[PDB]
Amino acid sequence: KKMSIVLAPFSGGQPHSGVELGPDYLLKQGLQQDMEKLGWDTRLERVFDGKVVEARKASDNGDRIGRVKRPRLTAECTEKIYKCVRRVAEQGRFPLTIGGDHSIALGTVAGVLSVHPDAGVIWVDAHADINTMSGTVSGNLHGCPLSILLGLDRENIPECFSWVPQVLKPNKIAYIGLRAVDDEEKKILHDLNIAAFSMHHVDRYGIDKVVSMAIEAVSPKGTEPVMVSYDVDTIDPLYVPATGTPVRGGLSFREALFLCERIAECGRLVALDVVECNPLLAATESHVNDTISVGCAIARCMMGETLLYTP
């Protein structure tokens, strides 16, 4: 039971600064001691200085390739994450990656699947994050990592993303919590037949059935590794206010943590990202500790914490 907490304080996938403080706040709220208390021998992996990066992020408006913003900076930083996560996993440690915006998942998923090629990916998010380079409207790369990982619109992915291994297939991704899917992303999900469980499916079948279906969707042999990339904006703003792209009608706090328990319970979790905590994007101080404490709770539940006796 060895874990590396990979710190990815990167905000270059979106406009708003603050998300780069997520790793520090999570760690300040006791993430590492929480994981130690659950039996994990942990250590911190620092990949790059968030303040140097943030400095370069906020200064360099010329890093644009079309409507796409900061592809060079994003490609540089997510390659470092990839190399870090790949090493952690090869070393046989659990990589728990804390963001930072969801563009970091370009490095985490590539890293995990390079070591565990038939790993399934469960993407917990209000958004599909699958806009292509030529299709993105905002040009914010945190809404594009899955298009790059799946190799969509290859013609228009810049050379700076040349490092990304082509290891994720469309039948190894399953979404949970979708409710703000762009028209262009709807077409892609449908054409590629990606298992997508929207808030409609949660409302219709309940969270337990949806989680079961998501695990099965990415686990054919029933034996495969599972990776979860967890965007905190899946959870209704009622519970996670301090986040960049909040959308009404999300998972309750209870559903958000129940999902974690069901996945911990299956015993095949091999990596976890917790992304998009933005402590500055809180109106009140009670909202930062609603958000950061939710990040830590996801981690604890994912990593085996239960309401009743387990050991």
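Just count from 1 along the sequence shown to find any residue number.
Given 187-195 and 226-234, the range whose Cα B-factors average higher in the PDB entry: According to the PDB entry, the answer is 187-195.
Mean C-alpha B-factor comparison - 108-116 and 160-168, higher one: Comparing 160-168 with 108-116, the higher mean C-alpha B-factor belongs to 160-168.
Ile207, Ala75, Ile215, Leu152, ranked by C-alpha B-factor: the highest one: Across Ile207, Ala75, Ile215, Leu152, the entry lists the biggest C-alpha B-factor for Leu152.
Select one of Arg254, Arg248, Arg268, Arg262: the residue whose C-alpha shows the highest B-factor in the crystal structure entry. That would be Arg248.
Chain-wide C-alpha B factor ranking for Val275, given as lowest, middle or highest third: Lowest third, going by the recorded CA B-factors of the chain.
Divide the modelled residues of the chain into thirds by Cα B-factor and specify which third, lowest, middle or highest, holds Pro71. As the PDB entry reports it, the C-alpha B-factor of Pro71 lands in the middle third of its chain.
Using only modelled residues of the chain, where does the Cα B factor of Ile292 rank: lowest third, middle third or highest third? For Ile292, whose C-alpha B-factor we compare with every modelled residue in the chain, the answer is the highest third.
Ranking every modelled residue in this chain by its Cα temperature factor as given in the entry, which third contains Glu90? Tercile = highest for this residue's CA B-factor.
Grab the CA temperature factor for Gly139 from the record and place it in the lowest, middle or highest third of its chain. For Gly139, the deposited C-alpha B-factor lands in the middle third.
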